[PDB]
Amino acid sequence: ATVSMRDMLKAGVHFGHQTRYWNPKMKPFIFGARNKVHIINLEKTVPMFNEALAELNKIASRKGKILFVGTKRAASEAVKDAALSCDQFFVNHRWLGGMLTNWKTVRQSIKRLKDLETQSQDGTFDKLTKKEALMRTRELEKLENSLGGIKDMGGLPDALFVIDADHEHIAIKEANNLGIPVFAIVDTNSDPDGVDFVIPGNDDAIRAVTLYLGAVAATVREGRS
RNA sequence: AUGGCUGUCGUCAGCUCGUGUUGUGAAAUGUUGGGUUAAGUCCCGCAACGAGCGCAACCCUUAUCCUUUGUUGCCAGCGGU
């Protein structure tokens, strides 16, 4: 149920950014620098990866709801195959400022989505002209482009999973406000203090983000069972 | 001292609210930015997300055809003048 260090070496989890963009709040997780490129200290990560999954074992056991957040085009596709396979919720596109704290408004937009979603099945657009139908599908697709992965959310999620916290610092501000356990994949240039469960790793690699997703996929399915 | 009614900026495209967020606060954000339009009209980005009054549309007239009717209106196809 846990990953080995050998597989992570092939995954490229320790290939951080340069020594010019590094964040000084990551010193306890910085190994060295080769060709002026910081290496993630893998010794601290592996044990912290398990307790991160251990926390995932507890929340998923009590019918908990988790949220995978990643707005990078080099990670936007993996999260789609992740949440849909493990029966969860995700946000691959633009993280709206106010998805959590301003839920009383995003709740109605979901009703607006489901209003146009229900209108798309029966075919109500066939009696309206081409102008009214195209207009109702240009927003319906935009809400699918925004709230498409959280249509059946049902209230505030109980856990937050983030990919590269510094690129998602809007989501962490909302997570620390409501008191939600946030599990983030922090990079050498990212923000560690905002997240209580930090997982020092890389974000600009395809195989790196999937190795995390493969691990979190099984542990949450262990909670559903 | 007022109601109702009116002129003008101006038919200019702006004016605001609920929630969230930012700053001790007045307030800001939304309404900024790249393009675009007659126009905060529309798309994309974006700590903003939505909505309301406005703009637009629905109203009237004019322009083309068809259907319905033919008076006191009209006169082509046929006669008497």
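Residues numbered from 1 in each chain as written, not as in the entry; some residues may be left out. Chains lettered and ligands numbered in written order. Part of a larger assembly, values for the part shown. Heavy atoms only, no water.

The name given to chain A in the PDB entry is 30S ribosomal protein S2, with the source organism recorded as Escherichia coli. Per the PDB header, the title for this entry is "Cryo-EM of elongating ribosome with EF-Tu*GTP elucidates tRNA proofreading (Cognate Structure V-A)". The Function comment attached to chain A in UniProt states, word for word, "Required for ribosomal protein bS1 (rpsA) to bind to the 30S subunit." As stated in UniProt under Subunit (literature references left out), the record for chain A gives "Part of the 30S ribosomal subunit, contacts bS1. Some nascent polypeptide chains are able to cross-link to this protein in situ. In collided ribosomes contacts ribosome rescue factor SmrB." (UniProt positions renumbered as here; feature names shortened; annotations may be inferred.)

Undergrad: Is there a simple way to think about helix α4 (residues 103-122) in this case?
TA: Since the α-helix turns once every 3.6 residues, residues separated by three or four places project in the same direction. Helix length check: α4, at 20 residues, gives a terminal C-alpha distance of 29 Å against a target of 28 Å (1.5 Å per residue), a fit within 8%. When α4 is considered as a whole, its buried residues turn out to be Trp-103, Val-106, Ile-110, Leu-113, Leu-116 and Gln-119. Elements that come into contact with the buried residues of α4 comprise α5 (130-138) and α6 (140-144). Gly-123 lies just past α4 and shows a positive phi near 85°. (Helix = DSSP H or I, 4+ residues; strand = E, 2+ residues; numbered from the N terminus. Expected span 1.5 Å × (residues − 1). Buried < 20%, exposed > 50% of the residue type's maximum accessible area, 1.4 Å probe, protein only. Contact = heavy atoms within 4.5 Å.)

Undergrad: Please explain the packing of aromatic side chains as it appears in this structure.
TA: Aromatic rings considered in pairs are described by the distance between their centres and by the relative angle of their planes. Counting across every chain of the model gives three aromatic pairs. When the centroid spacing of 6.2 Å and the interplanar angle of 40° are considered together, the rings of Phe-49 and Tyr-212 count as tilted. Of this pair, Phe-49 sits in helix α2 (residues 42-61) while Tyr-212 sits in helix α8 (residues 206-224), and the two are 163 residues apart along the sequence. What makes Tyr-212 buried here is its relative accessible area of 5%. (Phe/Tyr/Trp six-rings, centres within 6.5 Å; stacked < 30°, edge-to-face > 60°.)

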